[PDB]
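>>> I would like to see how this sequence folds:
(chains A and B)
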Amino acid sequence: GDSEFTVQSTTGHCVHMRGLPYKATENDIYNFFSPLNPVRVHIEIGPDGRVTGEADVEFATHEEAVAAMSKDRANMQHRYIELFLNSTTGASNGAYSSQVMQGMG
RNA sequence: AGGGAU
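Numbering: from 1, shown residues only, chains lettered A, B, ... in the order given. Here you go:
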């Protein structure tokens, strides 16, 4: 008995976010952050987040990440929305993989 | 369910 797996949802740069009201969604996250593309939305709190409502984002290289880093603890409608950088120009990978790199890549 | 903030 054996198996195999891959990765396609962590291979990139990222940032964290909160303050997102328990009554709003990603359709306004990637629309208040910056004029950037929607390549950058997710929503989570936990299997115990009462109803969930916080978020996290990802970016195409550190260049797009800093191009969105301009609202540390800004606003959106009625709460002080916040987001905190979690990327650098050299951390696209460093602790995981997505292929056996021995016979399939 | 609220701020945790840097």
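
>>> Could you pull out the strands in chain A for me?
In chain A, the segments counted as strands under DSSP state E are A:13-18, A:42-44, A:54-59, A:82-86.

>>> Please work out which of those is packed deepest.
Of the strands of chain A, the one with the most neighbours on average (mean count of other Cβ atoms under 10 Å) is strand A:54-59, at a mean of 20. To be clear about C-beta, it is placed using only N, CA and C from the backbone, and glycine gets the same treatment.

>>> quick one: contacts for the residue most central in space within chain A?
Residue closest to the average C-alpha location in chain A (Cα atoms, centre = their mean): residue A:57, at 1.9 Å. With contact set as Cβ atoms under 8 Å, 6 or more residues apart in numbering, residue A:57 has these partners: A:14-17, A:29-30, A:33, A:40-42, A:68, A:83.

>>> go with 7 Å
A:14-15, A:17, A:29, A:40-42 (Cβ atoms under 7 Å, 6 or more residues apart in numbering).
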